[PDB]
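Here the structure is laid out as structure tokens; the discussion comes afterwards.
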Amino acid sequence: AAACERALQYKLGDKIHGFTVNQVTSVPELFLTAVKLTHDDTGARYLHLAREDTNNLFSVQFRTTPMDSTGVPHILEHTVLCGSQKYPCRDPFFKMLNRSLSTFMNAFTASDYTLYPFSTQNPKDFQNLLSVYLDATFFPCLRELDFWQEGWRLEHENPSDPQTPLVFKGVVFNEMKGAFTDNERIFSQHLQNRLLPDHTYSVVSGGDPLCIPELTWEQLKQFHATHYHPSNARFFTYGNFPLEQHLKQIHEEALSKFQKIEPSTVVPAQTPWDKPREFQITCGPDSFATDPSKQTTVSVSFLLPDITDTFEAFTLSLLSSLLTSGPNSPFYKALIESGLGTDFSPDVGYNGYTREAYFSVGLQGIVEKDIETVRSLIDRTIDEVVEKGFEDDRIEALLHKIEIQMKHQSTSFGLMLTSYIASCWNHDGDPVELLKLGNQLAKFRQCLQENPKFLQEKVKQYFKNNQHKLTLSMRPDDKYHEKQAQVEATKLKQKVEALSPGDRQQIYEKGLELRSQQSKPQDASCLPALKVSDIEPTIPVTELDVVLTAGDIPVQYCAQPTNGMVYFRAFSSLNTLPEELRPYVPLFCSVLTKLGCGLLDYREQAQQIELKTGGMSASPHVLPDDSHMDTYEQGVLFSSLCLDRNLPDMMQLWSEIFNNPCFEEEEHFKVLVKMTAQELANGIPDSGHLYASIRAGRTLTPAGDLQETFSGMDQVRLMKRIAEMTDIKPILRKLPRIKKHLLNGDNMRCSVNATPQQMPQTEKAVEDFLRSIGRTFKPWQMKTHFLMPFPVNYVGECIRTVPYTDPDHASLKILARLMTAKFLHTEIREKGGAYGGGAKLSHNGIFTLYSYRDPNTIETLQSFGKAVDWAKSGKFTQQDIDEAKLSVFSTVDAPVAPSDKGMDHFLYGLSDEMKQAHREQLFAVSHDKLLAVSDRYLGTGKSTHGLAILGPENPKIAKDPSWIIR
């Protein structure tokens with residue numbers, strides 16, 4: 001009845017559709033049985049992980065070893081998703097994204113391999129996506145004009161005017177422009193290139209913008225014919241679906257059409273250096289920093305063995321975690337608390353993506369005069385670790401942390417396994433040996449108990465006696481990007497001058513045909529698709545029981561197969577808090593569990609947290625009510641995790657944090673605030689559309705204003721202001737004031753997710769913890785421009801609509817997904833040139849339009865206006881509504897892990913009755929209701945708009961009196 005029981009029936013030497021069973025291993029700590037097959041005729045390798053998890057995942061892996069910095073596997077990865085032989089239609093990937101019930105569908109290109117994974121829960125959907133993926137990777141139409149669109153091409157500044165000069169355009173070209181505006185990517189790339197300068201790791205695999213136009217269409221076709229051959233492929237599947245169906249599809253669709261080749265693609269070993277080296281590089285000065293003399297980053301890197309010998313890599317990874325993770329690590333005490341820098345260097349710790357892994361440590365944010373100081377600190381610190389070793393409590397904490405990651409149940413487990421074995425498997429390693437974590441832990445414990453200086457000899461061998469050291473420093477130059485502009489313009493002129501007028505007319509005519517390709521709406525009916533009849537009408541009910549305890553705290557217990565894990569959550573309201581202290585509540589949540597409690601200093605507190613729990617965190621949440629736009633819930637979520645046996649210790653930790661938090665530890669507090677502020681400044685681009693949509697919605701609902709206070713740009717500006725204060729004491733006095741309003745049991749509710757066998761002891765520990773603790777808005781329009789020194793823009797427009805329980809809400813959600821799939825995607829992405837762009841509908845009722853990395857600004861809002869006119873126009877078919885329903889049900893029915901089932905009832909108070917009502921409204925939504933809601937809410941002048949833009953200077957915006965610039 002189970003998956004691993006039938007999977008254990010595969011005997012060695014069995015022939016199944018051209019494959020041969022080579023190895024079957026039971027992995028009891030992961031509740032799975034691994035099966036390794038190879039195709040006899042082609043030599044393709046297959047690893048199947050059978051586990052009773054309904055979220056089945058497929059992935060295929062190709063070894064791509066580039067020998068130049070042209071970016072050929074990255075552009076080829078983009079090009080294979082544009083069309084294949086059996087499905088000649090345009091863009092099969094994104095079209096199947098709206099014709100499937102997938103939960104994830106993407107592709108990855110690492111430094112030396114490319115990986116194409118997908119996951120879904122429906123077996124027919126699995127067969128459909130498997131056919132589209134096999135066909136996309138192995139038989140693409142590799143049309144040259146698609147290569148001109150996705151890769152690089154010459155194009156006029158106005159594509160219709162052949163007398164303006166030609167400039168470079170391309171998707172990957174601007175991807176690499178954005179790769180080398182990032183200082184961290186320059187540092188990481190140059191570090192990897194300098195440490196392994198012999199072979200494929202010495203080049204920029206993503207593409208050097210000055211070396212990208214050397215790639216021709218014929219070179220791309222040869223690269224595809226050489227590397228995307230099934231003899232150079234690794235196939236991987238995970239889940240409970242029958243293996244035989246997969247093998248029948250793989251054989252009958254792809255592998256039968258090829259014959260055996262011998263890939264000459266093995267990456268040779270790096271020859272060890274005789275002497276350490278130093279290199280100096282330069283980057284672009286960051287504008288978020290305020291001091292220019294404190295912008296130097298320095299690192300020291302060590303070469304470690306190969307990933308093939310699994311054991312030694314596991315050992316050195318544990319050693320690297322012991323050396324750099326947490327305030328009890330030697331390097332934290334030596335570097336962070338020295339006050340020389342601001343944070344660790346990039347790629348800090350163990351980096352096992354290359355063939356030979358490497359260790360890195362260093363600082364960023366130092367003054368250039370302190371480079372030799374840092375190098376001496378690292379040398380002296382290594383000497384102290386050699387002489388003193390590690391204490392046993394930290395080793396136990398590390399082994400307990402790895403045990404927790406082994407037992408924890410995620411929703412994307414198969415994705416974690418394929419990413420965790422891809423690197424070892426890529427270099428002819430045994431992927432099954434990485435799965436047996438219990439065996440390696442046992443051997444590690446034995447190796448420590450037999451030799452007390454085991455870790456001391458390992459740090460000695462790989463740090464004190466390893467001559468393969470790389471010291472690399474990076475300091476910015478104020479004129480770097482003008483040099484960059486000069487060299488790209490020089491290659492531009494060098495390539496444009498050699499073109500004849502007939503060549504230029506060929507470029508112009510291809511440009512007009514390309515623009516038509518980007519404009520003409522095409523048919524995608526040759527792709528397979530699911531119907532609404534395959535969507536389940538009702539969901540299985542989730543069982544809860546609320547027990548009032550001690551003497552009025554509601555506690556929600558949900559029996560779940562969590563595999564010996566207990567997840568405890570508590571949510572405390574903020575309704576009694578004075579309004580002056582609201583903006584410092586994220587800071588309060590971010591430092592509360594890191595400063596010490598009772599008789600424990602911050603080092604001992606961090607040791608206890610890492611030794612007993614899986615992590616304890618606090619974060620502010622604003623939970624809107626579902627039936628009133630002007631009603632909301634504000635609060636703080638305390639969340640923790642522990643193994644079954646360490647539960648009373650965890651609740652004792654929570655009691656000590658609730659009754660005696662250490663608000664007097666000032667030195668470590670200054671470190672934490674400067675680190676949090678630096679992290680917030682580094683994360684602006686990846687969440688730029690999030691910050692823009694949150695700013696645009698501040699003036700529409702009270703909940704929006706509070707969400708801007710807790711997590712908007714206000715929080716970043718506040719964190720920077722606090723991080724620039726020289727005297728931190730007036731900020732530190734605010735923390736007891738918040739503590740006396742939050743850490744009590746007056747307005748509290750709790751949740752527990754655990755196995756039913758553990759439940760009475762858990763009920764006792766929580767009931768023991770609860771006894772141990774103390775006892776009309778009118779929206780108005782606003783336009784905001786953050787003048788940011790960015791090369792791309794982030795635009796957000798918010799529209800006020802109905803809440804969740806309103807019958808029009810489900811129709812609005814369908815309309816939002818419809819507009820995203822059939823208008824905004826083509827216009828903003830293909831035509832506009834943005835990396836991401838669409839429309840979303842939130843639970844509170846804010847209809848948000850967003851753009852991500854958009855080179856335009858005014859045209860984006862104008863395309864939003866043309867999009868709402870399109871939605872009112874009704875120019876969409878019934879099949880488009882079917883695709884929108886499919887995508888929405890692909891989103892709302894995404895799998896939930898045992899640790900958050902059910903979280904919606906605990907946080908937002910939506911019952912199963914409410915979810916079923918909204919599900920039947922999503923079923924009953926029709927074309928006329930979509931027209932009705934489009935003319936009632938999204939139309940111009942019917943509701944209040946809000947706009948916000950993060951991006952570079954726009955002179956026309958500066959002359960607009962209706963805009964406020966911040």
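By order in the structure tokens, chains are A, B, ...; within a chain, residues start at 1; ligands start at 1, following the order shown.
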* Output as a PyMOL selection string all residues of region 111-287 of chain A that backbone DSSP marks as helix (DSSP H, G or I). => chain A and resi 123-138+144-150+171-179+183-195+200-202+212-214+217-227+230-232+243-253+255-257
Only C-alpha atoms, please: the residues just picked out, written as a PDB file, in the first residue's frame.
ATOM      1  CA  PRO A 123      -0.548  12.284 -12.150  1.00  0.00           C
ATOM      2  CA  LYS A 124      -2.115  13.360 -15.464  1.00  0.00           C
ATOM      3  CA  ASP A 125      -0.590  16.794 -14.998  1.00  0.00           C
ATOM      4  CA  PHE A 126       2.680  15.019 -14.294  1.00  0.00           C
ATOM      5  CA  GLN A 127       2.475  13.113 -17.584  1.00  0.00           C
ATOM      6  CA  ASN A 128       1.700  16.349 -19.440  1.00  0.00           C
ATOM      7  CA  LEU A 129       4.563  18.340 -17.903  1.00  0.00           C
ATOM      8  CA  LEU A 130       6.917  15.390 -18.398  1.00  0.00           C
ATOM      9  CA  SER A 131       6.124  15.335 -22.101  1.00  0.00           C
ATOM     10  CA  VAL A 132       6.620  19.084 -22.463  1.00  0.00           C
ATOM     11  CA  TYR A 133       9.903  19.053 -20.528  1.00  0.00           C
ATOM     12  CA  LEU A 134      11.369  16.082 -22.411  1.00  0.00           C
ATOM     13  CA  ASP A 135      10.400  17.676 -25.691  1.00  0.00           C
ATOM     14  CA  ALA A 136      11.739  21.100 -24.754  1.00  0.00           C
ATOM     15  CA  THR A 137      15.128  19.853 -23.641  1.00  0.00           C
ATOM     16  CA  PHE A 138      15.797  17.267 -26.314  1.00  0.00           C
ATOM     17  CA  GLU A 144      17.825  32.084 -34.853  1.00  0.00           C
ATOM     18  CA  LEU A 145      15.384  34.907 -34.223  1.00  0.00           C
ATOM     19  CA  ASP A 146      14.498  33.446 -30.826  1.00  0.00           C
ATOM     20  CA  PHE A 147      18.231  33.447 -30.113  1.00  0.00           C
ATOM     21  CA  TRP A 148      18.300  37.096 -31.150  1.00  0.00           C
ATOM     22  CA  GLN A 149      15.489  37.819 -28.731  1.00  0.00           C
ATOM     23  CA  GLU A 150      16.682  35.846 -25.693  1.00  0.00           C
ATOM     24  CA  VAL A 171      17.547  39.572 -22.306  1.00  0.00           C
ATOM     25  CA  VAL A 172      20.729  37.803 -21.143  1.00  0.00           C
ATOM     26  CA  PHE A 173      22.751  40.937 -21.994  1.00  0.00           C
ATOM     27  CA  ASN A 174      20.816  42.928 -19.418  1.00  0.00           C
ATOM     28  CA  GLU A 175      20.796  39.969 -17.023  1.00  0.00           C
ATOM     29  CA  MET A 176      24.591  40.208 -17.039  1.00  0.00           C
ATOM     30  CA  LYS A 177      24.500  44.005 -16.806  1.00  0.00           C
ATOM     31  CA  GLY A 178      22.519  43.456 -13.608  1.00  0.00           C
ATOM     32  CA  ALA A 179      24.924  40.692 -12.585  1.00  0.00           C
ATOM     33  CA  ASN A 183      29.186  44.113  -5.944  1.00  0.00           C
ATOM     34  CA  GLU A 184      28.596  40.773  -4.214  1.00  0.00           C
ATOM     35  CA  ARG A 185      28.457  39.013  -7.573  1.00  0.00           C
ATOM     36  CA  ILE A 186      31.706  40.656  -8.669  1.00  0.00           C
ATOM     37  CA  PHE A 187      33.305  39.496  -5.428  1.00  0.00           C
ATOM     38  CA  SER A 188      31.933  35.943  -5.648  1.00  0.00           C
ATOM     39  CA  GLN A 189      32.767  35.596  -9.337  1.00  0.00           C
ATOM     40  CA  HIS A 190      36.316  36.893  -9.026  1.00  0.00           C
ATOM     41  CA  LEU A 191      36.884  34.748  -5.925  1.00  0.00           C
ATOM     42  CA  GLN A 192      35.819  31.569  -7.707  1.00  0.00           C
ATOM     43  CA  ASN A 193      37.793  32.559 -10.819  1.00  0.00           C
ATOM     44  CA  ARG A 194      40.992  33.259  -8.921  1.00  0.00           C
ATOM     45  CA  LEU A 195      40.900  30.219  -6.693  1.00  0.00           C
ATOM     46  CA  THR A 200      35.916  25.963 -16.389  1.00  0.00           C
ATOM     47  CA  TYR A 201      35.595  27.673 -12.990  1.00  0.00           C
ATOM     48  CA  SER A 202      37.951  30.419 -14.207  1.00  0.00           C
ATOM     49  CA  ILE A 212      28.823  38.050 -24.798  1.00  0.00           C
ATOM     50  CA  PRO A 213      28.488  39.180 -28.487  1.00  0.00           C
ATOM     51  CA  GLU A 214      31.026  36.555 -29.610  1.00  0.00           C
ATOM     52  CA  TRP A 217      23.768  30.839 -33.624  1.00  0.00           C
ATOM     53  CA  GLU A 218      25.865  27.982 -35.014  1.00  0.00           C
ATOM     54  CA  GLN A 219      27.962  27.788 -31.849  1.00  0.00           C
ATOM     55  CA  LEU A 220      24.742  27.589 -29.843  1.00  0.00           C
ATOM     56  CA  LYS A 221      23.418  24.790 -32.033  1.00  0.00           C
ATOM     57  CA  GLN A 222      26.662  22.844 -31.673  1.00  0.00           C
ATOM     58  CA  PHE A 223      26.643  23.373 -27.883  1.00  0.00           C
ATOM     59  CA  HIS A 224      23.118  21.979 -27.769  1.00  0.00           C
ATOM     60  CA  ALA A 225      24.015  18.998 -29.941  1.00  0.00           C
ATOM     61  CA  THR A 226      27.054  18.245 -27.769  1.00  0.00           C
ATOM     62  CA  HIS A 227      25.688  18.683 -24.244  1.00  0.00           C
ATOM     63  CA  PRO A 230      20.787  11.788 -23.220  1.00  0.00           C
ATOM     64  CA  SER A 231      24.158  10.091 -22.722  1.00  0.00           C
ATOM     65  CA  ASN A 232      25.142  13.287 -20.866  1.00  0.00           C
ATOM     66  CA  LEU A 243       7.904   4.566 -11.574  1.00  0.00           C
ATOM     67  CA  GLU A 244       6.893   2.435 -14.581  1.00  0.00           C
ATOM     68  CA  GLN A 245       4.747   5.190 -16.083  1.00  0.00           C
ATOM     69  CA  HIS A 246       7.737   7.555 -15.944  1.00  0.00           C
ATOM     70  CA  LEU A 247      10.081   5.039 -17.569  1.00  0.00           C
ATOM     71  CA  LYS A 248       7.546   4.305 -20.313  1.00  0.00           C
ATOM     72  CA  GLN A 249       7.209   8.009 -21.078  1.00  0.00           C
ATOM     73  CA  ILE A 250      10.973   8.683 -21.023  1.00  0.00           C
ATOM     74  CA  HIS A 251      11.686   5.766 -23.342  1.00  0.00           C
ATOM     75  CA  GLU A 252       8.873   6.258 -25.812  1.00  0.00           C
ATOM     76  CA  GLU A 253       9.305  10.020 -26.120  1.00  0.00           C
ATOM     77  CA  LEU A 255      15.661   8.199 -25.314  1.00  0.00           C
ATOM     78  CA  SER A 256      14.695   5.930 -28.220  1.00  0.00           C
ATOM     79  CA  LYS A 257      15.611   8.573 -30.809  1.00  0.00           C
TER      80      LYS A 257
END
* Asked: Which neighbours of region 632-640 of chain A fall inside 8 Å, counting only C-alpha atoms, when residues of the same chain fewer than 4 positions from it are skipped, and could you give them as a PyMOL selection string?
  -> chain A and resi 567-575+589+613-625+702-703
Resulting file, chosen residues, C-alpha atoms, as a tab-separated table (two decimals), in the first residue's frame:
chain	number	residue	atom	x	y	z
A	567	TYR	CA	5.93	23.37	16.65
A	568	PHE	CA	4.77	25.94	19.16
A	569	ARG	CA	3.35	29.32	18.22
A	570	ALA	CA	1.91	32.18	20.20
A	571	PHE	CA	0.32	35.38	18.97
A	572	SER	CA	0.11	38.41	21.25
A	573	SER	CA	-1.90	41.48	20.25
A	574	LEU	CA	-0.65	45.05	20.34
A	575	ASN	CA	-3.95	46.86	20.97
A	589	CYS	CA	11.02	41.30	17.67
A	613	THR	CA	15.29	24.27	19.94
A	614	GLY	CA	15.35	24.51	16.18
A	615	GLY	CA	15.13	28.27	16.29
A	616	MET	CA	12.99	30.78	18.16
A	617	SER	CA	11.82	33.87	16.34
A	618	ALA	CA	9.43	36.79	16.65
A	619	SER	CA	7.97	38.86	13.82
A	620	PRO	CA	5.22	41.50	13.63
A	621	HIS	CA	2.08	40.63	11.69
A	622	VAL	CA	-0.93	42.67	10.59
A	623	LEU	CA	-3.94	40.41	10.06
A	624	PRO	CA	-6.94	42.10	8.42
A	625	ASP	CA	-10.44	40.97	9.16
A	702	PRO	CA	-5.61	51.43	8.32
A	703	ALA	CA	-4.07	47.97	7.90
* To do: May I ask which of the residues A:423, A:181, A:757, A:878 is the closest one to residue 287 (chain A), counting only C-alpha atoms?
  =>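 Checking each of A:423, A:181, A:757, A:878 against residue 287 (chain A), counting only C-alpha atoms, the winner is A:181.
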* For residue 905 (chain A), which of A:733, A:893, A:629, A:543 is the closest residue, counting only C-alpha atoms? -> A:543
* To do: Could you give me, as a PyMOL selection string, the residues within 12 Å of residue 740 (chain A), counting only C-alpha atoms and dropping anything in the same chain fewer than 2 positions from it?
  => chain A and resi 574+576-578+581+658-661+734-738+742-746+774-775
* Hey, what's within 6 Å of residue 793 (chain A) if we count only C-alpha atoms and toss same-chain stuff fewer than 2 positions away? As a PyMOL selection string, please? -> chain A and resi 853-854+950-951
* To do: Please provide as a ChimeraX atom specification all residues within 9 Å of residue 565 (chain A), with the sequence filter that same-chain residues fewer than 2 positions apart are discarded (counting only C-alpha atoms).
  => /A:404,407-409,561-563,567,641-644,753-755,899
Filtering to C-alpha atoms, could you give me those residues as a PDB file, in the first residue's frame?
ATOM      1  CA  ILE A 404      16.452  18.723  13.150  1.00  0.00           C
ATOM      2  CA  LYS A 407      13.580  15.224  10.568  1.00  0.00           C
ATOM      3  CA  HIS A 408      11.763  18.463   9.629  1.00  0.00           C
ATOM      4  CA  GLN A 409       8.944  18.099   7.084  1.00  0.00           C
ATOM      5  CA  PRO A 561       2.289  13.326  11.503  1.00  0.00           C
ATOM      6  CA  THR A 562       5.170  15.726  12.189  1.00  0.00           C
ATOM      7  CA  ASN A 563       7.709  12.883  12.718  1.00  0.00           C
ATOM      8  CA  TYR A 567       5.932  23.372  16.645  1.00  0.00           C
ATOM      9  CA  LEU A 641      10.402  24.496  17.089  1.00  0.00           C
ATOM     10  CA  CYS A 642      11.946  21.628  19.008  1.00  0.00           C
ATOM     11  CA  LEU A 643      12.301  17.894  19.070  1.00  0.00           C
ATOM     12  CA  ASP A 644       9.773  15.972  21.180  1.00  0.00           C
ATOM     13  CA  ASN A 753       1.278  21.009  16.126  1.00  0.00           C
ATOM     14  CA  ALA A 754       2.578  17.627  17.224  1.00  0.00           C
ATOM     15  CA  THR A 755       2.116  13.910  16.851  1.00  0.00           C
ATOM     16  CA  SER A 899       3.835  22.632  10.616  1.00  0.00           C
TER      17      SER A 899
END
Residues flagged strand (DSSP E) by DSSP in region 389-532 of chain A, as a CSV table (one decimal) with C-alpha atoms, in the first residue's frame:
chain,number,residue,atom,x,y,z
A,469,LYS,CA,45.3,30.0,0.2
A,470,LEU,CA,43.8,33.0,-1.6
A,471,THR,CA,43.6,36.4,-0.1
A,472,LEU,CA,41.4,38.7,-2.1
A,473,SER,CA,40.5,42.3,-1.4
A,474,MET,CA,38.0,44.6,-3.1
A,475,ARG,CA,37.9,48.4,-2.9
A,476,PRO,CA,35.6,50.6,-5.0
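Using only C-alpha atoms, the smallest distance between any of A:591, A:532, A:681, A:600 and residue 922 (chain A) comes from A:532.
Of the listed residues (A:166, A:360, A:858, A:730), A:166 comes nearest to residue 508 (chain A); the distances count only C-alpha atoms.
With distances taken over only C-alpha atoms, A:18 is the one residue among A:515, A:55, A:18, A:254 lying closest to residue 41 (chain A).
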* Structure fact -> Using only C-alpha atoms, the best pick from A:587, A:298, A:233, A:340 as closest to residue 265 (chain A) would be A:233
* Asked: What lies within 10 Å of residue 364 (chain A) using only C-alpha atoms, ignoring chain neighbours under 3 positions off, as number ranges by chain?
  -> A: 294-299, 340-346, 367, 473-474
* If we count only C-alpha atoms, what is near residue 873 (chain A) at a cut-off of 10 Å, once residues fewer than 5 positions away on the same chain are taken out, given as JSON, numbers by chain? -> {"A": [867, 868, 931, 934, 935]}
Those same residues, written as a short mmCIF file (atom, residue, chain, number, x, y, z; two decimals), in the first residue's frame with N, CA and C atoms?
data_model
loop_
_atom_site.label_atom_id
_atom_site.label_comp_id
_atom_site.auth_asym_id
_atom_site.auth_seq_id
_atom_site.Cartn_x
_atom_site.Cartn_y
_atom_site.Cartn_z
N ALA A 867 -4.43 48.04 -19.93
CA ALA A 867 -4.80 46.73 -19.43
C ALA A 867 -6.18 46.75 -18.78
N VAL A 868 -6.49 47.80 -18.02
CA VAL A 868 -7.82 47.87 -17.43
C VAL A 868 -8.86 48.14 -18.52
N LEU A 931 -17.18 40.67 -16.42
CA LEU A 931 -17.43 41.99 -17.01
C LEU A 931 -18.06 42.93 -15.99
N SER A 934 -15.43 44.09 -13.58
CA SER A 934 -14.47 44.95 -14.23
C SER A 934 -15.04 46.35 -14.43
N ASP A 935 -16.35 46.46 -14.65
CA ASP A 935 -16.91 47.79 -14.80
C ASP A 935 -17.24 48.41 -13.45
#
* Asked: Can you tell me how far CA of residue 440 (chain A) sits from CA of residue 240 (chain A), in Å to one decimal?
  -> 26.6 Å
